[PDB]
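First structure 1, then structure 2: two forms of the same chain, each alone, as structure tokens.
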Structure 1
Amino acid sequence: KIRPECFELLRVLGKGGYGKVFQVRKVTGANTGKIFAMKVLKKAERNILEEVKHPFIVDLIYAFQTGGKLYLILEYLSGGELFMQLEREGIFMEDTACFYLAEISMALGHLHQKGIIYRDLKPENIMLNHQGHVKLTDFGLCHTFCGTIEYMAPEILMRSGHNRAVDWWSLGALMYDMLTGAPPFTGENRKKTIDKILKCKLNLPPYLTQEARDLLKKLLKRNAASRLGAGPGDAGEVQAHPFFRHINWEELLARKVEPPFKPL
């Protein structure tokens, strides 16, 4: 019943992996006129999206294959890349960063509960819904060195086996990027960047609060097993940190906390 011609294309939202993502309008059904995003993959990701149900992870609405293509219909996230906020702000105040990192952490917990690893928390991959809340959305295939590797754990870069700990590293890299204006370890070229990540000689800016510095130091560690969040408490361990002292969690999850930016 549901099929590719139930939607008209409005614009291209992005290429990536081996697919296109369109903003579309549904023209049939009760949801006639309702707006969505549609990822078209030219014949995994669908399984992850089917399994998840979290306020901070994107909703899969319809999925189907017809012809060669595989079609995933996802909620439209008019809020945009979190990346665009950071780009305009230059550097987030810790209040701002804390909000986003707090929501991302609950999403990360949910995924790890399902045995899912996100690998790469680059801010271009974090989307915002219309209210300005966090949505993890891209669980596609793209392949490790194809894009930027600056938010990835060293044990991912030198393929030596890894688990959910890589995600807490990436949270720290992102946090560093939010607070300083660039990711922790940047080379002049590719090879020099990689080496800098492996050596993991962390440079804490003197201006960050003690809480902000201590969380960064516990997240960005070469030894995966000893990262905050690498332990059995996973996201709870991280959410416990005094950097997240003002975070009413039950309300954050309920999306009753107001985001630092309303894309509007």
Structure 2
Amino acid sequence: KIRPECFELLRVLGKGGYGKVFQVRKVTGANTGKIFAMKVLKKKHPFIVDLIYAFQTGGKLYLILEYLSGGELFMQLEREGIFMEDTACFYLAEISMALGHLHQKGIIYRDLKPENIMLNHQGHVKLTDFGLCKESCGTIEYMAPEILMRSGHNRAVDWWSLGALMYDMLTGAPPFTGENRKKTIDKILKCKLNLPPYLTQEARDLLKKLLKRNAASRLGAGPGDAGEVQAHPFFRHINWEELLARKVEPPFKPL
């Protein structure tokens, strides 16, 4: 049944990660004509991109993931920067739900860069489960706090990234950019978050609590996870059942 020849290559969508991701028409099979995204590796949630087929062959693992028309519409809305606060609150809210579910299933994203945020024909968020996403007694009075809290491998990494993303959606750039990779990484680690004057009172409060250097105190790091972050006043206008239902109208649907 389903094998690599069941597909014809239309265009390349990205080198994204290791392996190329192709757009594709299914030639044979039941879905003849239907368009998919096929991710090749050289070897159910409304906000998670559905996987359809998966097969192994001549040393190449194939992934036939649903195709998303507004698949790059986010990375373009941020180039126009037409993002207003209330506009961004929508995407951050759906992503927060996407992160919460990935967390319950014990998955951390780590990435969460605007280039990793896709949209569907309706305009809602869709994430993946990349190859950069990871999974999750003597006397402790002498060991560092980072060891006691499983650093860089717990789900607080994602909430920092939610902030960084939010920060970029409301200003035009990420919190700690530098003239080169070295200076950037250092400005990141050494911090000192600068919040512009236009950011609202709720926006800045959330930004300060997501971009807290101390992961332990970082918002969303508690056991309530996304419940902690969704409860922020910045999200007061969101109705989570209506959002989860995709019954909330996205301000930007790829026409």
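We call the rigid core whatever largest set of C-alpha positions still superposes within 1.5 Å between the two forms. Please note that residue numbering is based on structure 1, beginning with 1 at the start of its sequence.
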Legend entry - Out of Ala107, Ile73, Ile116, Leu86, the residue that alone shifts its CA by 2 Å or more between structures 1 and 2 when the rigid core is the reference: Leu86
Inset, instruction - Look at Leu157 and decide if its Cα position differs by 2 Å or more between structures 1 and 2 after superposing on the rigid core. - result: yes
Legend entry - Core-aligned C-alpha movement of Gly17 between structures 1 and 2, 2 Å or more: yes
Inset, instruction - Using the rigid core as the frame, report the C-alpha movement of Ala30 between structures 1 and 2, one decimal, in Å. - result: 2.4
Legend entry - Angstrom shift of the Cα atom of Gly187 between structures 1 and 2 (superposition on rigid core): 1.1
